[PDB]
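Consider the single chain below, provided in structure tokens and representing the form deposited in one PDB entry.
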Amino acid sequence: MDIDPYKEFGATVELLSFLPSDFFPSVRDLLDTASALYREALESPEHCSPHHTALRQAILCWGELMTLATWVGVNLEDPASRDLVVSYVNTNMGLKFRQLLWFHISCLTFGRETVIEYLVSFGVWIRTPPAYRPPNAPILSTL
């Protein structure tokens, strides 16, 4: 069905399309950030928040995809297809996964209002042509 994984929280794929695809940190970086800030809450038997309830499932999906990639690499004796599949995973599913991880980790760390205002402001910045684009882009911070 047509499910948006953000409108449950107050955003949309059209609002996160302000951020380009080359903007999102790597999956390793984001998973390390999660392990750092919310490992004890993701490994807890509590609905601490919908962000947790969703981030757990996203991490489980990524883990299943990694198991798929290993299984492919070990079973399939066709390096061409092996590489094709692994690259497709790590690129497309990686992009989607890190979009979702960015959104959740940010709305947890900083806040819904702050994150939405940041998306709007970054859209302003990235629509503004370069000749009039300040260099001090918007950068989420607690400082």
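Only residues modelled in both forms are compared. Basically, rigid core = biggest C-alpha set you can superpose within 1.5 Å across the two forms. Start at 1 with the first residue shown and count on from there.
Another form, the form deposited in another entry, is not on view; read the next lines as being about it.
- Query: Looking at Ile116, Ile59, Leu84, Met93, which has a Cα shift of 2 angstroms or more between the shown form and the other one when the rigid core is held fixed?
  - Reply: By this measure, the answer is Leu84.
- Tell me, please, whether between the shown form and the other one the C-alpha of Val74 is shifted by 2 Å or more, with the rigid core used for superposition. Yes, shifts by 2 Å or more.
- For residues shared by both forms, which stretches of 3 or more shift their Cα by 2 Å or more between the shown form and the other one, once the core is superposed? Core-superposed, the single displaced stretch is 73-87.
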